[PDB]
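[1] please find the sequence and an experimentally derived structure below.
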Amino acid sequence: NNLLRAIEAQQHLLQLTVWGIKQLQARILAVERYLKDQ
Amino acid sequence: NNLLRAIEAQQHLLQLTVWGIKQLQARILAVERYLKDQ
Amino acid sequence: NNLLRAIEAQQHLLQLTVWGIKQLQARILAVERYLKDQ
Amino acid sequence: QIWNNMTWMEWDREXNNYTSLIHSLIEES
Amino acid sequence: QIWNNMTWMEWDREXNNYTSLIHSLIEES
Amino acid sequence: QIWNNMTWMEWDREXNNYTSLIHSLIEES
């Protein structure tokens, strides 16, 4: 039961990292586009 | 068996996040270098 | 026991990705601030 | 070894697919 | 859908909270 | 608390090392 609970919590932690990476990809793409345009 | 299968899938998800972070580190380093050079 | 050991190792891998994302968020925020200031 | 926009959209798809499978495995348990 | 600074500080809190729980679960085992 | 290039290469090594261990644990099971 502690193992299932750990996997559940780790999945939430994984989702947070996936969402964070998506945010950062969009932010650096916005910067690269700005610099290209300038 | 569902726990082993979950750990297997989570390892693939972890690898994808590691690869993504490596990509983003290289992209922001390229931007920081561009800005230094300019 | 292999499952507990795998979850332990995966937690270390998750911590490394969380730390990496925090680093990158700070780096792209520093770049966005530089560009705003310029 | 620099992923373009299409490679990032494949990354997103592969993350969604593994997440969907894991949700089912944890529920089915 | 662009997270601001406060949303990132919530992200950090939520990551700390899950990490603390997982540490306890793995120890308690 | 800003990691330099060498600290990122240690990060990469530590990620490879944990991934190698996990692969073996999941196989050995």
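    In hand now; what should we look at? Numbers count the residues shown, from 1 in each chain, chains lettered A, B, ... in the order given.
[2] how many residues are close by residue A:11?
    21 (other Cβ atoms under 10 Å in any protein chain shown). C-betas here are computed from N, CA, C, even on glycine.
[3] which positions in chain A make contact with chain B?
    Residues of chain A found near chain B (Cβ under 8 Å from any Cβ of the partner chain) are A:3-4, A:7, A:10-11, A:14, A:17-18, A:21, A:24-25, A:28, A:31-32, A:35.
[4] recalculate using a threshold of 10 Å.
    Within chain A, the positions near chain B by Cβ under 10 Å from any Cβ of the partner chain are A:3-4, A:6-8, A:10-11, A:13-15, A:17-18, A:20-22, A:24-25, A:27-29, A:31-32, A:34-35, A:38.
[5] so among these, which ones count as buried?
    A:3, A:6-8, A:10-11, A:13-15, A:17-18, A:20-22, A:24-25, A:27-28, A:31 (16 or more other Cβ atoms under 10 Å in any protein chain shown).
[6] what about the residues you listed, which are in helices?
    A:3, A:6-8, A:10-11, A:13-15, A:17-18, A:20-22, A:24-25, A:27-28, A:31 (DSSP state H).
[7] and chain E, which of those reach it?
    A:3, A:6-8, A:10-11, A:13-15, A:17, A:20, A:22, A:24, A:27.
[8] and the furthest pair within these?
    Greatest spacing in these, by Cβ to Cβ: A:3 and A:27 (36.0 Å).
[9] give the contact list for residue A:9.
    By Cβ atoms under 10 Å, 6 or more residues apart in numbering or on different chains, the contact list for residue A:9 reads C:7, C:11, C:14, E:17-25.
[10] right, and residue D:12 touches residue B:16 too?
    Yes: using Cβ atoms under 10 Å, residue D:12 makes contact with residue B:16 at a distance of 9.5 Å.
[11] who has more neighbours, the two?
    In this view residue D:12 and residue B:16 are compared by other Cβ under 10 Å, and residue B:16 has more residues nearby, 20 against 15.
[12] mind checking how far that one is from chain D?
    6 Å (Cβ to the nearest Cβ, to the nearest Å).
[13] same check on residue A:25?
    In terms of Cβ to the nearest Cβ, residue A:25 sits 6 Å off from chain D.
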